[PDB]
Trainee: 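So that we are looking at the same thing, I have put the structure below in structure tokens.
We use all heavy atoms of the structure for the numbers below, so side chains are in, but hydrogens, waters and symmetry mates are not. Chain A is the first sequence line, chain B the second, and so forth, proteins listed ahead of strands; every chain is numbered from 1.
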There are 4 protein chains.
Amino acid sequence: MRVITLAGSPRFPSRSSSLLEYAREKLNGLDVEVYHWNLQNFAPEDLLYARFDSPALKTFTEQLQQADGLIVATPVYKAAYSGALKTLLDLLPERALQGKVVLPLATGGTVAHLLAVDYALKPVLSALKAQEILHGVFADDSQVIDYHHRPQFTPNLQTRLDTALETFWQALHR
Amino acid sequence: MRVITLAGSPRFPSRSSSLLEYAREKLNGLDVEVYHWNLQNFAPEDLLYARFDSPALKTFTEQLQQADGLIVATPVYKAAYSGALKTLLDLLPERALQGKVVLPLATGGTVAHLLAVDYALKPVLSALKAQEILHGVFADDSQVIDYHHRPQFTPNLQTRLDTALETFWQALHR
Amino acid sequence: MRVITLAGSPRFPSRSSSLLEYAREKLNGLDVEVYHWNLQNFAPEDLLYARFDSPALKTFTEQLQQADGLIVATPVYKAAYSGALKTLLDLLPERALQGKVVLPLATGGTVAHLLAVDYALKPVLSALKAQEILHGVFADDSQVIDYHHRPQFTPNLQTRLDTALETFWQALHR
Amino acid sequence: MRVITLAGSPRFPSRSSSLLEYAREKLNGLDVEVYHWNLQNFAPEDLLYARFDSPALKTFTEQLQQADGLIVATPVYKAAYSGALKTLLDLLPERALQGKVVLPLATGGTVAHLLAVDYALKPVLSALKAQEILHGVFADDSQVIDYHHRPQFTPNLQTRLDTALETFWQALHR
Ligand SMILES: Cc1cc2nc3c(=O)[nH]c(=O)nc-3n(C[C@H](O)[C@H](O)[C@H](O)COP(=O)(O)O)c2cc1C
Ligand SMILES: Cc1cc2nc3c(=O)[nH]c(=O)nc-3n(C[C@H](O)[C@H](O)[C@H](O)COP(=O)(O)O)c2cc1C
Ligand SMILES: Cc1cc2nc3c(=O)[nH]c(=O)nc-3n(C[C@H](O)[C@H](O)[C@H](O)COP(=O)(O)O)c2cc1C
Ligand SMILES: Cc1cc2nc3c(=O)[nH]c(=O)nc-3n(C[C@H](O)[C@H](O)[C@H](O)COP(=O)(O)O)c2cc1C
Ligand SMILES: Cc1cc2nc3c(=O)[nH]c(=O)nc-3n(C[C@H](O)[C@H](O)[C@H](O)COP(=O)(O)O)c2cc1C
Ligand SMILES: Cc1cc2nc3c(=O)[nH]c(=O)nc-3n(C[C@H](O)[C@H](O)[C@H](O)COP(=O)(O)O)c2cc1C
């Protein structure tokens with residue numbers, strides 16, 4: 001009944017965030033409570049110098065603890081997740097994702113870096129003890145037609161996202 | 001209702017196999033179809049020369065097709081899964097694990113190679129399109145009291161196996 | 001002064017092998033000891049059942065011992081190196097690549113799996129203690145004009161092979 | 001003749017930085033010019049919001065371009081490099097490490113995460129086009145006796161660092 005959507009892009013507007021926006025609306029439609037976070041919710045110095053007393057982190061940690069699921073989105077930066085997202089994940093307590101379903105989403109400039117999700121991001125989410133990690137959705141930039149005014153995807157990206165979200169919603173029932 | 005267990009060790013008796021035998025004892029007490037396979041059930045020339053016509057391969061793929069879950073165990077060889085296991089995995093169809101929940105297990109000579117499960121094995125299981133990959137269990141060789149005569153594990157390893165199997169069991173029901 | 005080239009494809013003729021044949025043509029014009037091996041040079045039962053007494057294994061290990069560099073090529077299977085190649089790699093001694101410079105090459109059905117080289121193959125070569133691992137070359141199947149009758153590559157792939165081999169050549173001299 | 005040492009830890013004093021300090025002194029002794037950077041050299045907001053016009057980044061980019069080699073150190077955070085270090089690496093231009101020798105160093109709370117170097121950090125350094133990546137040195141925290149007042153390591157850590165640094169220095173000669 002409660003889901004956190006987390007945007008890992010440092011820019012605004014963000015292509016990977018449009019996937020999260022589409023996800024939010026589907027989940028709202030199914031009467032799931034969705035709480036959206038992004039890196040602007042945190043003081044940069046708190047993130048970079050890994051300062052655990054951050055008030056926003058406290059709120060975020062508390063909200064995560066109460067969430068049944070997490071949807072996390074990232075750009076591919078240098079064949080991995082964004083450093084910006086990792087600075088926040090690094091501040092989460094050990095076992096932060098224990099008992100939780102996790103759906104990872106990424107967008108990349110080249111399809112050449114599709115494996116960044118499986119080989120880089122999933123291992124960090126598992127280190128946080130995610131109970132289940134879903135297959136995820138990678139899309140290269142050309143598959144997101146609009147991320148500035150209204151999330152618009154090619155039909156194949158939209159179908160893969162629909163499939164992922166259905167699987168995630170079914171998972172939230174245990 | 002149906003589960004495949006797959007041992008990936010080239011040798012026998014095997015530590016990683018004794019892990020699967022323990023899983024089966026726990027599932028045999030729950031009215032389940034458990035189908036067990038090892039690398040011995042296939043011809044070495046079929047596996048090394050990637051022969052798709054292989055008769056055991058056909059049997060295995062059909063059984064896998066109708067199964068709802070997979071538990072697969074490997075030794076850690078050169079900081080990854082065994083080459084032997086991978087020759088079989090390479091022969092499965094592109095989407096062989098689609099819609100199935102997967103539980104990876106491994107044994108390793110040193111705790112220093114614990115991450116072989118998250119960074120090497122899981123991306124291959126994801127390439128096969130696993131719907132959900134569970135956290136899994138790594139056991140280092142210090143934890144296997146006996147694997148020749150029957151599974152005997154130190155208490156820390158048993159609790160972790162027990163926990164993973166509960167999750168696997170619960171995950172199978174949807 | 002001495003180099004091992006190692007083909008990791010279970011099949012022949014092979015795309016990834018045609019890459020190694022091109023390397024050898026370039027090194028044959030530089031007064032070099034080049035020693036070439038493939039998975040056919042070993043018995044399938046030895047490799048699948050991890051037999052350390054293997055007679056070809058012994059020959060290979062000695063030759064590898066005195067060699068200054070290694071060029072190894074693999075197809076991409078299930079988002080990683082071939083299982084077939086890995087069965088041989090699993091049989092080498094713990095520090096087999098110590099003090100040697102290594103050049104990894106791969107071929108893949110899609111550019112989407114380019115990262116299999118950095119995330120899957122290189123950590124195994126590092127487990128074998130390679131002194132230096134070079135950047136390497138991934139070639140997708142679109143770039144191999146012919147591999148049956150002789151190596152024929154699109155110009156983009158040839159320039160990249162040429163560059164990697166220059167680095168490998170230069171690296172061998174210390 | 002010019003080397004950049006880069007500290008990826010967000011804290012001060014840093015255990016992984018003591019390795020870099022030991023490296024600096026060895027290299028100074030061999031009349032190499034060593035330029036040390038850490039994350040405090042950058043405004044946090046420039047790092048987090050990936051702002052390429054950062055004056056410090058300009059200076060850092062220019063110094064890196066002129067360097068023959070790079071030594072980069074990181075703590076293991078969540079089974080990978082630090083996010084803080086990744087935010088800086090993310091701001092480097094494509095091909096930033098082309099033509100350069102790279103020695104990666106890491107310290108981790110548990111030996112269980114030794115593979116974080118091979119499987120997480122090296123692929124990012126390769127994405128930046130490093131010409132050669134050395135084996136590297138991982139050490140769990142217990143091997144660094146002092147990082148507050150004077151870098152002091154166990155004899156085995158000190159020997160592995162000496163070996164790595166010799167290899168790096170030899171490499172700087174091409
Ligand atoms: C600093 C930076 C580094 C990037 N590195 C990569 C890369 O290594 N591989 C890739 O496929 N795309 C790379 N890109 C492109 C982004 O992944 C891509 O444009 C993405 O959709 C941006 O998502 P966002 O708008 O949510 O930030 C990079 C972009 C930036 C700004
Ligand atoms: C494969 C690829 C890799 C990239 N790597 C970087 C990078 O490393 N650093 C950077 O500033 N931009 C990088 N870019 C550029 C960004 O993607 C840039 O923000 C984008 O091209 C501008 O278009 P956009 O705003 O619509 O995403 C990369 C782009 C691609 C396609
Ligand atoms: C060829 C070979 C290579 C191995 N390499 C590693 C290794 O890289 N890392 C590790 O932790 N253990 C390594 N080991 C130890 C095995 O992973 C360990 O003994 C494991 O329990 C074997 O399980 P099994 O009995 O099911 O074969 C290796 C063992 C063999 C036989
Ligand atoms: C069993 C098998 C599995 C494969 N899986 C992948 C894959 O996961 N990703 C990919 O890019 N290509 C995959 N391919 C395509 C091969 O990587 C590609 O055709 C390669 O060039 C084979 O090289 P070879 O001729 O040396 O065997 C696969 C091919 C086979 C035969
Ligand atoms: C936020 C945070 C996360 C950490 N996560 C891990 C971890 O996943 N694995 C590990 O082995 N150590 C972990 N550690 C311990 C550090 O890797 C270790 O103490 C390291 O030596 C610190 O290096 P530094 O002093 O250079 O920052 C973590 C430490 C912190 C502060
Ligand atoms: C394996 C391991 C994992 C750790 N993971 C975290 C973490 O995720 N978050 C955190 O704040 N601290 C983590 N720590 C604690 C830090 O390492 C902490 O800074 C340290 O225990 C304090 O001692 P030190 O300052 O001498 O390194 C971890 C420690 C270890 C040993």
Trainee: State whether the side chain of D:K86 and the backbone N or O of A:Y77 hold a donor-acceptor pair below 3.5 Å, judged by distance alone.
Mentor: yes
Trainee: Looking at C:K129 and C:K100, would you say the former's side chain and the latter's main chain have a donor-acceptor pair under 3.5 Å?
Mentor: no
Trainee: Check whether any side-chain heavy atom of C:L105 sits under 4.5 Å from a side-chain heavy atom of C:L161, and report yes or no.
Mentor: yes
Trainee: Less than 4.5 Å apart, any side-chain heavy atom of C:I71 and any of C:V34?
Mentor: no
Trainee: Hey, what do you get for CG (D:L125) to CG (D:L70), rounding to the nearest 0.5 Å?
Mentor: 7.0 Å
Trainee: Ignoring hydrogens, what is the shortest heavy-atom contact between B:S16 and B:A73? Give both atom names and the distance.
Mentor: O-CB, 3.5 Å
Trainee: Donor-acceptor pair, C:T87 side chain versus C:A84 backbone, under 3.5 Å?
Mentor: yes
Trainee: Mark yes or no for whether B:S82, through its side chain, and B:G8, through its backbone, hold a donor-acceptor pair below 3.5 Å.
Mentor: yes
Trainee: Is a salt bridge present between C:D162 and C:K26, judged by a nitrogen-to-oxygen distance below 4.0 Å?
Mentor: yes
Trainee: Under a 3.5 Å distance rule, please check whether B:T110 uses its side chain to pair with a backbone N or O of B:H113 as donor and acceptor.
Mentor: no
Trainee: Specify the closest pair of heavy atoms between B:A116 and B:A79, including all atoms of both residues, with the distance to one decimal.
Mentor: CB-O, 3.6 Å
Trainee: To the nearest 0.5 Å, tell me how far B:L92 CG sits from B:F52 CZ.
Mentor: 9.0 Å
Trainee: Under 3.5 Å, side chain of A:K122 to main-chain N/O of A:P104, donor-acceptor pair present?
Mentor: no
Trainee: Side chains of C:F60 and C:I4, heavy atoms from C-beta outward: is any pair under 4.5 Å?
Mentor: yes
Trainee: For A:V76 and A:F138, which heavy atoms make the closest approach, and how far apart are they?
Mentor: CG2-CE1, 3.7 Å
Trainee: Give me the atom names and distance for the closest heavy-atom approach of C:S18 to C:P151.
Mentor: O-CB, 3.7 Å
Trainee: Taking it one step at a time, do C:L20 and C:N38 satisfy side-chain contact (heavy atoms from CB on, under 4.5 Å)?
Mentor: CA-CA 11 Å; C:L20 289 176; C:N38 45 64; over 6 Å; no
Trainee: When you measure from the side chain of C:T159 to the backbone N and O of C:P155, does any donor-acceptor pair fall under 3.5 Å?
Mentor: yes
Trainee: Closest approach of C:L134 and C:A164, non-hydrogen atoms and distance?
Mentor: CD1-O, 4.4 Å
Trainee: Compute whether any side-chain donor of one residue and acceptor of the other, for C:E62 and C:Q66, lie under 3.5 angstrom apart.
Mentor: no
Trainee: Under the side-chain contact (heavy atoms from CB on, under 4.5 Å) criterion, do D:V101 and D:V3 qualify, and how do the steps go?
Mentor: CA-CA 9 Å; D:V101 185; D:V3 172; over 6 Å; no
Trainee: So for atom CD, which belongs to C:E166, do other residues, nucleotides or ligands contribute more than 12 heavy atoms lying within a distance under 6.0 Å?
Mentor: yes
Trainee: Would you say the side chain of B:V111 lies within less than 4.5 Å of the side chain of D:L114, judging by non-hydrogen atoms?
Mentor: no
Trainee: Has C:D90 got a side-chain atom pairing as donor or acceptor with B:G83's backbone, closer than 3.5 angstrom?
Mentor: yes
Trainee: Looking at OG1 of C:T59 and OH of C:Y35, how far apart are the two atoms once the value is rounded to the nearest 0.5 Å?
Mentor: 12.5 Å
Trainee: Would you mind reporting whether B:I133 and A:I133 have side-chain heavy atoms less than 4.5 Å apart?
Mentor: no
Trainee: Would D:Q170 and C:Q131 satisfy side-chain contact (heavy atoms from CB on, under 4.5 Å), going step by step from the backbone distance to the final call?
Mentor: CA-CA 12 Å; D:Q170 289 293 347; C:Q131 190 173 265; over 6 Å; no
Trainee: How many angstroms lie between atom CG of B:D118 and atom CG of A:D118, to the nearest 0.5 angstrom?
Mentor: 11.5 Å
Trainee: Using modelled atom types and a 3.5 Å cut-off, is there a donor and acceptor pairing between side-chain atoms of C:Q143 and backbone atoms of C:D140?
Mentor: yes
Trainee: Apply side-chain contact (heavy atoms from CB on, under 4.5 Å) to residues B:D46 and B:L91 and explain how you reach the verdict.
Mentor: CA-CA 10 Å; B:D46 280 328; B:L91 286 168; 5.7 Å; no
Trainee: Between C:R150 and C:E25, does any NZ, NE, NH1 or NH2 come within less than 4.0 Å of an OD or OE carboxylate oxygen?
Mentor: no
Trainee: Please examine the side chains of C:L39 and C:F12, heavy atoms only from C-beta on, and report whether any two atoms are closer than 4.5 Å.
Mentor: no
Trainee: How close do C:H36 and C:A7 get, counting heavy atoms only, and between which atoms?
Mentor: CE1-CB, 4.0 Å
Trainee: Could you tell me the separation between the CG atom of B:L48 and the CZ atom of C:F42, rounded to the nearest 0.5 Å?
Mentor: 10.5 Å
Trainee: Drop me the distance from C:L27's CG to C:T5's OG1, to the nearest 0.5 angstrom.
Mentor: 8.5 Å
Trainee: With under 30° as parallel and over 60° as perpendicular, where do the rings of C:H173 and C:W169 fit, or are they tilted in between?
Mentor: tilted
Trainee: Do B:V124 and B:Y81 make a side-chain contact, defined as non-hydrogen atoms from C-beta onward lying under 4.5 Å apart?
Mentor: yes
Trainee: Report yes or no: does D:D68 contribute a side-chain atom to a donor-acceptor pair with the main-chain N or O of D:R2 at less than 3.5 Å?
Mentor: yes
Trainee: Are A:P123 and B:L115 side-chain neighbours, meaning at least one heavy-atom pair lies under 4.5 Å?
Mentor: no
